[PDB]
Protein chains: 2
Amino acid sequence: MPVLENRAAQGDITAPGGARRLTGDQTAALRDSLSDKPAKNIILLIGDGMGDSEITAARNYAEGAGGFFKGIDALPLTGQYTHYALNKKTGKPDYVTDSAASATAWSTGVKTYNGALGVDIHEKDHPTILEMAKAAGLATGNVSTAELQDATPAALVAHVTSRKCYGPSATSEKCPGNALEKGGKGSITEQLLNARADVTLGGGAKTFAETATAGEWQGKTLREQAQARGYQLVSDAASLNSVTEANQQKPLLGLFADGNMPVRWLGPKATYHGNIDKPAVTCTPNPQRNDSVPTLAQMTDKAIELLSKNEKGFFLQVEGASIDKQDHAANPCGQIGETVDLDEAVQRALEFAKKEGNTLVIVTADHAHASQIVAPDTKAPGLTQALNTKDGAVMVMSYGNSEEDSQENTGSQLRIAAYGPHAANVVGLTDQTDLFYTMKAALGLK
Amino acid sequence: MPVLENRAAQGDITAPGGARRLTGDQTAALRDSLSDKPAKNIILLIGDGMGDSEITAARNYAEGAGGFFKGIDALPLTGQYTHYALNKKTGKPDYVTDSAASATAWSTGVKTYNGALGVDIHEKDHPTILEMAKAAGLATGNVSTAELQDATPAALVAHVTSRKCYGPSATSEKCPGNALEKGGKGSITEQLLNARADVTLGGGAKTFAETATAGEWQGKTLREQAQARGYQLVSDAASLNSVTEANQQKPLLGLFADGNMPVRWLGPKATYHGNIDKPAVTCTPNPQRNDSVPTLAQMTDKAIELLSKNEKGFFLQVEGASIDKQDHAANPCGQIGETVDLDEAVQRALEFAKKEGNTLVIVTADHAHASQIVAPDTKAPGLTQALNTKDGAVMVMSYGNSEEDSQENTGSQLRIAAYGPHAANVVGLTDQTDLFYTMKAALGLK
Ligand SMILES: [Mg+2]
Ligand SMILES: [Mg+2]
Ligand SMILES: [Zn+2]
Ligand SMILES: [Zn+2]
């Protein structure tokens, strides 16, 4: 099964056929990409708010318009999937979902209301793909650059009526029914400790400081509970590399930040008429990213190394998180840098899958965002910025869907791409809930 | 080779698996969609400004979120393609293209500057896929709901430095080098007459009223010249149905409007805070669309009927045009209605292809547009409107990339889907220029 080695413009863009990305007929290579054999492992890479526009913007900037992302763009089977949510009251569609409902959709196979984690419109719990995988004896990994309590990584191990129920404090106010002290299953973080995936890596260390309002570890901090539960705590790249085993006896928990991990690139926020008033921006590497802080690619690599030892196979979800946060913050550089980050991760996952032969790798997003690539002389009503691309040209980015700073999400259907056994199930129009069923089946979960 | 009969939500959206579009594993069906055998015919359907977002909004409104367009969504092989243009001066990429440069890129295989038709950055002409097809003896069709002098349909038959050179008048001012009177090849319209496709159907009748500044037909109106050249002129549905033959000896020319043909659906323009201040809109059929005016579907059906008689095969380009004009005009209803129109056309094309077995059907857009599906309570900086979907829910549309009314184009990569011999060449990431090469090769043009 081949990966697209190179789909960059073959030559002189200005010349006939120079802009081509193909060098010949693809029928044969596609036929070699079709396999219904079982997938031993599954690696799901989620780019936060990374719809087609975000991908085009990051490529234009980092690789040039005729460029090619070695990871993100190298997946051969591609399609578009819908991700609408449901209105909790009426049960009718809610055309624009949040991170929480979408994450739930692919992690359980059931649509839900915005803000829900692991439950349907009736607040009924439904087992996630991770729980199912774990129950079947597979190894499981949940990796993210955001806070572990955030919608994407949280959805695999928590079942709460509101995504805001991070720890004890918020839960009692926002999710009384899930509140431990009220006989509920606990907050997001508590449920995460209970779920016991073999490898969990991310930010969100802050909430681990809260103390349990009830149970065996009542009075202890969630951090203290984790140690007591048998978890290996790691807070930096060095200690992470030191890890040699991660299992149900010694589950791994990497907390590398109080909240979200540091952004890759720094750059100014988009502003009114910024493409006109301000000069073109050139993004710059964040000094605080640190050699101490593991990158999404490193965490992905360590995760695969450890999960790999499980003879039965594994399920790993990886999230290039800061993308949509920077998209909300109308910050081009942060957004684009987070897509480059993801791409490096997708490469590590593709290398492993390629050599292993039985791994299904899927790269997609939870929902779409606000960013639009517009003409450079554009006089847009919202926030804009001009960027200096690898092509040595100017690209203007617009965020015009919200007045309240935070650029909202959108409902456009977006790209889903895959490689490996069963990847054919992402081609054409599909629904985000199909993704749950594809992974379940590919993995033979039953 | 199968078409997706149904990818609608299988059942109850609120229940587990109810929102699924798949009913089983697609590996086998995909294997049956792969064929490198030769394509006898090619039918290319272009939705003007019909990116993924436009497709999602038109589905939500006309079919419901869990709906399925029988045409547009039924194509099995899908991917995403880039359509960046080039800056005439520097030769560097111009991230947001217009309809002229994009049309030229798929019709000739060479990238050009915005505004050009059938020429590269150096103003050098390059032969179009239609000219090449005709030269090889295949029948050729050029159908559009727009004015025949507009960028998309014009690009197949004209070679001018500016898309504005409609007829003699504009050409002398805008394109002196193409100006007939100055020894040039002539305006868009004149060159169209010269190209002599077997079937040309659309609007733009107004310009045929101009008189030739030179040549054999100097002093005669372009309409008069057409008659004199041997063309069959048709201006309404009835006369169009009367046509039984269309060939090189009796080429067909249907001019059903002075400009663009009538929009299917009427509705109010999007406005500032319109989703808040104004009530939800329900689009209404346009009374002036007329039983006298053939629909894009009908024109597609007639064109396939006539082109069909050529033993050697045919190439047909069809354009659901009023879509981006209505997108520019921030008019949801017009835009959406144009997408439904196209869908009917794609259906007609897909039935023929399915039965014929050697026809490659491709559906895609020239470039992306402004439309974004946003939460209903959105307070966006631009124009917005709330619509009453088939789901009996509200969907809000936002146009916020321009202040100067006309909502500009965007540079996001968008969907390209196909069915038949060689459709595998649209899967994954490709460039709009690859489309020219795929068609040339499938058709074996040489
Ligand atoms: Mg998230
Ligand atoms: Mg056009
Ligand atoms: Zn998100
Ligand atoms: Zn267009």
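Residues numbered from 1 in each chain as written, not as in the entry; some residues may be left out. Chains lettered and ligands numbered in written order. Heavy atoms only, no water.

Method of structure determination, per the deposited record: X-ray crystallography was used for this entry, reaching 2.6 Å resolution.

The cut-off we apply is this: UniProt positions are given in the numbering used here, feature names are shortened, and annotations may be inferred rather than shown by experiment.
Looking at the PDB entry, one finds chain A named ALKALINE PHOSPHATASE and attributed to Escherichia coli. The UniProt entry for chain A carries the following comment under Catalytic activity: "a phosphate monoester + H2O = an alcohol + phosphate".

1. Looking at the interface of chain B and chain A
Here is the rule: Contacts: residue pairs with any heavy atoms within 4.5 Å of one another. Throughout, the accessible surface (probe 1.4 Å) given up by two parts as they are put together, summed over both, is called the buried area. We define a salt bridge as a side-chain nitrogen of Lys or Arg found within 4 Å of a carboxyl oxygen belonging to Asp or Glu. Secondary structure counts use DSSP, requiring at least four H or I residues in a row for a helix and at least two E residues in a row for a strand, with both numbered from the N terminus. Each residue receives one of three labels: charged for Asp, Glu, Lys and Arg, nonpolar for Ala, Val, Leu, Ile, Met, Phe, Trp, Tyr, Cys and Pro, and polar for the others, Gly being one of them.
Facing the 93 residues of chain B at the interface are 93 residues of chain A. Counting each side, the surface lost to burial between chain B and chain A is near 7,600 Å², with a carbon and sulfur contribution of 53%. Together, B:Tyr95, B:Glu403 and B:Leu429 form the three largest contributors to the area buried by chain B at its contact with chain A, with a combined 10%. Applying the counting rule to chain B against chain A returns five salt bridges. Going through the elements one at a time, α1 (27–31), α2 (52–62), β2 (77–82), β4 (93–94), β14 (372–374), β16 (394–399), β18 (428–431) and α14 (432–442) of chain B are the ones with two or more residues in the side of chain B that touches chain A. The greatest single-element share of the side of chain B that touches chain A, amounting to six residues, is contributed by α2(B). When the residues that make up the side of chain B that touches chain A are grouped by side-chain class, the tally is 34 nonpolar, 39 polar and 20 charged.

2. Side note on the pattern of salt bridges
For clarity, the threshold we go by: Only protein chains enter the calculation, and the probe is 1.4 Å; a residue is then buried if its accessible area is under 20% of its type maximum, exposed if over 50%, and partly exposed in between.
One pass over the structure, following the stated rule, counts 31 salt bridges over all chains. A salt bridge links A:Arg264 to A:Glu344; the nearest nitrogen and oxygen atoms lie 3.0 Å apart. A residue pair is termed long-range when its members are at least 10 positions apart, and A:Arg264 in the loop between β8 (252–255) and β9 (265–266) and A:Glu344 in helix α13 (residues 332–356) qualify at 80 residues. Accessibility expressed as a relative area gives 14% for A:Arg264, which makes it buried. In this structure, the salt-bridge partner of B:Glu181 is B:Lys182, at a minimum N-O distance of 2.9 Å.

3. Digging into the coordination of the zinc ion (ligand 3)
All names here are of chain A. How we decide: Here the coordinating atoms are restricted to nitrogen, oxygen and sulfur within 2.8 Å of the metal centre, or 3.2 Å for Na, K and Ca, and because water is not among them the sites may look incomplete. Here the metal geometry follows the donor angles, with tetrahedral for four donors whose angles all fall between 85 and 135 degrees, square planar for four and octahedral for six when opposite donors are more than 155 degrees apart and every other angle is between 65 and 115, and irregular for all the rest.
Around the zinc ion (ligand 3), the donor atoms from the protein are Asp48 (OD), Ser99 (OG), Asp366 (OD) and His367 (NE2), and they sit 2.2 to 2.8 Å away. Considering all four donor atoms around the zinc ion (ligand 3), angles at the metal cover 81 to 173° and the coordination shape is irregular. In the primary sequence, the donor residues of the zinc ion (ligand 3) line up as D-x50-S-x266-D-H. The two metals, the zinc ion (ligand 3) and the magnesium ion (ligand 1), are separated by 4.5 Å and share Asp48 as a common coordinating residue. Highlighted residues: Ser99 in helix α3 (residues 99–108) and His367 in the loop between β13 (359–365) and β14 (372–374), separated in sequence by 268 residues. Comparing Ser99 with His367, the two get one shared label, buried.

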